[PDB]
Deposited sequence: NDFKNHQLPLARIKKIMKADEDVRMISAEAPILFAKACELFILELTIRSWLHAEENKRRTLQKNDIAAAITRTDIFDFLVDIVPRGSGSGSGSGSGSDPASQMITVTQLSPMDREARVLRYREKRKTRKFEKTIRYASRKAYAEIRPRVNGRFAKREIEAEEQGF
């Protein structure tokens, strides 16, 4: 993969309401993050061109965020089934920015009897064995 699965799971699990994650979810996300990076970068490079530069810069990313409606959840990083209606979507972005501080990226154990069995069990070379 071009993006590390475990690190994706970590960011997902910083939401306390997340319990378990299917094995596809990180795999899917790695590919979706890729598309998100390509789109974000593509539109940022426009602003660099408009400004007659060869170097992509923070303020280019900011311009792309500002120009691109569905990127408005990202307005904090650069200070100073159907799609939701712009207004419905707007409320979900506001609730997301409301919840953003409560995110904790420290390791938390969610299933203790699993940890109990994992620390008592045979390992060939760190690995679980039969």
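- Mapping the modelled residues onto the deposited sequence reveals missing stretches at 1-5, 86-105, 156-165.
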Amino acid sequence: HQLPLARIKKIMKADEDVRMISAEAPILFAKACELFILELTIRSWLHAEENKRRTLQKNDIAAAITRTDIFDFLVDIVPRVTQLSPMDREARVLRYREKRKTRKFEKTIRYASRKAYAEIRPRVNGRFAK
From here on, numbers count along this sequence of modelled residues.
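- Relative to one another, 19-27 and 103-111 have unequal mean CA B-factors, and 103-111 is the one with the higher figure.
- The PDB entry reports B-factors from which the mean C-alpha value can be compared for 45-53 and 29-37; the larger average falls on 45-53.
- In this structure the maximum Cα B-factor among 77, 94, 63, 81 is found at 81.
- In the PDB entry, a CA B factor belonging to the middle third of its chain's modelled residues is recorded for residue 14.
- Annotation for residue 85: C-alpha temperature factor in the highest third relative to the rest of the modelled chain, per the entry.
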